[PDB]
Amino acid sequence: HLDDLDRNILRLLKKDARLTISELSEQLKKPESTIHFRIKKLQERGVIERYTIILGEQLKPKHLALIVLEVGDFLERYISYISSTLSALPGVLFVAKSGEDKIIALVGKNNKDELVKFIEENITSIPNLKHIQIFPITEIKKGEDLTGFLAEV
Amino acid sequence: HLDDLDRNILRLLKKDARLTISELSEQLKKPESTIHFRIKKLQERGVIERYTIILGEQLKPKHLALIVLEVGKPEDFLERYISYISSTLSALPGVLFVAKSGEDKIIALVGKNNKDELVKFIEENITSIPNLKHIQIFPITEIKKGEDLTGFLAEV
Ligand SMILES: [Au+]
Ligand SMILES: [Au+]
Numbered sequence: 005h006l007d008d009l010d011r012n013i014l015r016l017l018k019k020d021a022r023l024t025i026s027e028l029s030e031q032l033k034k035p036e037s038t039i040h041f042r043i044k045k046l047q048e049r050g051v052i053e054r055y056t057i058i059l060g061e062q063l064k065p066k067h068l069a070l071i072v073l074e075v076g082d083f084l085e086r087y088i089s090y091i092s093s094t095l096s097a098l099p100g101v102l103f104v105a106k107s108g109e110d111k112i113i114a115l116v117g118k119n120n121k122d123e124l125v126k127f128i129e130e131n132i133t134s135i136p137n138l139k140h141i142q143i144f145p146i147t148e149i150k151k152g153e154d155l156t157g158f159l160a161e162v
Numbered sequence: 005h006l007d008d009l010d011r012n013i014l015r016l017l018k019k020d021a022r023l024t025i026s027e028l029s030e031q032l033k034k035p036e037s038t039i040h041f042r043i044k045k046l047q048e049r050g051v052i053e054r055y056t057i058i059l060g061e062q063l064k065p066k067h068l069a070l071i072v073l074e075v076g077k078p081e082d083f084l085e086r087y088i089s090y091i092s093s094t095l096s097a098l099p100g101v102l103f104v105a106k107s108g109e110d111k112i113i114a115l116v117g118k119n120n121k122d123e124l125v126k127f128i129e130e131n132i133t134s135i136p137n138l139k140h141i142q143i144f145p146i147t148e149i150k151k152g153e154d155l156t157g158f159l160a161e162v
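Protein chains in written order, with the deposited numbering: chain B, 5 to 76, 82 to 162; chain A, 5 to 78, 81 to 162.
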């Protein structure tokens, strides 16, 4: 399906999605036609799903915590309720189900006491409620751009 | 300092960064030269940090897991030991995502294609790490907010 030309195109566009057809041709030493037709195929077959931007600077939250929460058939539904409630809240960047059972959230605020207060009013406050682990993120070694990607507004 | 027009431009670009200035000016009802200037300015200040693509399900990992490691004992040695495990993990295929929590934990996001490749991954690269007090594995069953994370982090 994908050969090395497709993969090289995708790698360049992951670093800088502004790169035009003549630019990729000059960087990849392939004719402009060839590249044009490859890109057009990656887009029609959904391999490139979407073009977006990474936010930097004053729009990445300063303090991040990862939270894993465990609730104690009504169960499918209660996790659905908690997770839509968390999804609607500002500074909640990522929400996922895990097993039956569990919710993973990444939350971010600009003040650490604001992040404590937020946990504490919106998460530790959920009824039935067996366990919660909070993992404040002190540094990111790989995937630093994730915050700028998930960050809203 | 950001105003409503700054935010509105960013929202649309976060939506679809293929949107050109003339399309943004039509959608926002602002002269083209204002949009243009605002975009150059956000790019210069690093508010728009980077333009990227999100990969489609052919290149996304089908099975994702979050891993939480807690080190028992490697204080200057703890810091250095975590760096070592961080760098070892980062160099591995499928590793999305590595972060340090507090002085003693490593958080990783791993994608593979089966259950299975993940089990085999944990056998080989996680339970082989010496001096770990705790290992937790949280399979991602369903992403509710942020589903395009794995298309963003997917390596090719
Ligand atoms: Au916290
Ligand atoms: Au395992």
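Note that the Cβ used here is the ideal one computed from N, Cα and C, for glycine as well.
- In this structure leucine 70 of chain B is not in contact with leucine 28 of chain B, their Cβ atoms being roughly 37 angstroms apart against a cut-off of 8 angstroms.
- Close CB contacts of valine 101 of chain B within its chain, under the 7 angstroms cut and outside five residues either way in sequence, are with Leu95, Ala114 and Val116 (chain order).
- Those residues whose C-beta sits under 5 angstroms from the nearest heavy atom of ligand 2 are, from N- to C-terminal order along the chain, A:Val125 and A:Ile128.
- For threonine 156 of chain B, the uninterrupted alpha helix (DSSP H) run begins and ends at 155 to 159, by DSSP.
- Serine 107 of chain A belongs to the set of residues whose beta carbon lies under 9 angstroms from a beta carbon in chain B.
- Cβ atoms of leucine 159 of chain A and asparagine 131 of chain A stay farther apart than 8 angstroms, at about 18 angstroms.
- Residue nearest to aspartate 110 of chain B within the set B:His140, B:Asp10, B:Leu9 and B:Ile52 is B:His140 (criterion: CA-CA distance).
- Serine 96 of chain A sits in a helix when the DSSP states are folded into three classes.
- Buried is the label assigned to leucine 73 of chain A, since at least 16 other Cβ atoms lie within 10 Å of its Cβ.
- Considered as a whole, the region 13 to 68 of chain A harbours 25 to 32 and 36 to 48 as its complete alpha helix (DSSP H) runs of no fewer than 4 residues, in chain order.
- Taking C-beta atoms as the reference points, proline 145 of chain B and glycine 157 of chain A fail to come closer than 9 angstroms.
- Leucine 124 of chain A: not part of any beta strand (DSSP E); member of the alpha helix (DSSP H) spanning 123 to 131, first to last residue.
- Its chain contains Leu9 as the residues whose beta carbon lies nearer than 7 angstroms to that of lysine 34 of chain B, once the 5 sequence neighbours on both sides are disregarded; these appear in chain order.
- Of the candidates B:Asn12, B:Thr56, B:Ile43 and B:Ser37, the residue whose Cα lies closest to the Cα of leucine 16 of chain A is B:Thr56.
- Chain order gives no chain B residues near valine 116 of chain A, where near means a beta carbon separation below 9 angstroms; the closest approach is about 11 angstroms.
- Under the three-state reduction of DSSP, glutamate 148 of chain A is assigned to strand.
- Going by C-alpha positions, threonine 147 of chain A is about 12 angstroms away from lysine 121 of chain A.
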